[PDB]
Amino acid sequence: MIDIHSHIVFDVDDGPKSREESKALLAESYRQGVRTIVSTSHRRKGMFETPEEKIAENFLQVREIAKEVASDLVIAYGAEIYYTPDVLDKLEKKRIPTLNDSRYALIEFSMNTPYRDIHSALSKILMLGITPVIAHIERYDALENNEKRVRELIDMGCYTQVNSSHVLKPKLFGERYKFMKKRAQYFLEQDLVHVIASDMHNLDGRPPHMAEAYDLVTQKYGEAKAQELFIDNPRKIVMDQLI
Ligand SMILES: [Fe+3]
Ligand SMILES: [Fe+3]
């Protein structure tokens with residue numbers, strides 16, 4: 001019901017190319033039962049360096065477009081911030097957005113980022129009074145099968161996010177993400193996940209799987225847990241409330 005990680009702004013990153021694509025992506029998200037989407041387009045040194053004024057501009061146009069989808073679809077502003085050290089000054093001085101202007105910022109790393117680097121970056125952001133929500137923790141080799149490390153990040157004041165796509169069963173044929181599904185399944189079993197979110201980009205390779213994932217978590221982990229990960233926690237994040 002509340003999706004805190006999405007790529008829905010046209011012509012700013014690897015998401016929609018056009019207004020028409022953004023609308024179609026919103027529509028599919030709405031169809032699946034999502035009622036609030038936080039826009040978190042990429043901020044990444046050397047990869048996604050679209051200027052902030054453009055991202056904000058196209059964002060506001062997507063927010064308008066969302067009215068054509070449904071009147072109760074709320075679009076919030078945010079950023080998926082790949083960590084490089086310049087990001088610290090940007091956050092301190094609010095030149096890079098948090099999630100709906102809350103304390104929470106969405107932070108990502110590389111698949112092969114060493115734990116010590118992860119731990120260090122997140123420690124420094126915490127020192128800014130900003131709470132990291134760690135994007136797609138199933139991506140990071142450093143956390144694979146590592147309850148102790150994830151726990152250590154959570155215990156110092158981080159929250160964790162897993163992509164809906166990796167919540168799904170590994171497919172009998174054509175499975176290209178088996179290792180990330182196994183990782184997400186590990187974290188869920190260990191009860192190490194605060195949030196499941198879309199990371200949606202398009203309707204081909206990367207659609208939302210929020211309805212499918214919600215049902216799967218309901219079946220395997222109970223409805224209350226599904227509510228927690230897909231509604232209650234995301235809602236606290238959007239409303240700048242402590243979890
Ligand atoms: Fe990412
Ligand atoms: Fe993303």
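Both counts, for ligands and for their atoms, begin at 1 and track the order of listing. FYI, the numbering just counts along the sequence from 1.
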May I ask you to check if any N/O/S atom from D199 comes under 2.8 Å of the Fe ion (ligand 1)?
no

Quick check: does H42 put an N/O/S atom under 2.8 Å from the Fe ion (ligand 1)?
no

May I ask you to decide if the ring planes of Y140 and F109 are parallel, tilted or perpendicular, using 30° and 60° as cut-offs?
perpendicular

Which one of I137, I118, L143 satisfies the side chain to side chain contact (heavy atoms under 4.5 Å, CB included) criterion with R149?
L143

Please give the atom name: the N, O or S atom of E108 nearest to the Fe ion (ligand 1).
OE1

If the plane angle is over 60° it's perpendicular, under 30° parallel, otherwise tilted; pick one for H7 and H201.
parallel

How is the N/O/S atom of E80 that comes nearest to the Fe ion (ligand 1) named?
OE2

Restricting to N/O/S atoms, is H136 within less than 2.8 Å of the Fe ion (ligand 2) or not?
no

Okay, side chain of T160, backbone of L192: is any donor-acceptor separation there less than 3.5 Å?
yes

In terms of side-chain geometry, is the basic nitrogen of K54 or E57 positioned less than 4.0 Å from the acidic oxygen of its partner?
no

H7 atom (N/O/S) at minimal separation from the Fe ion (ligand 2)
NE2

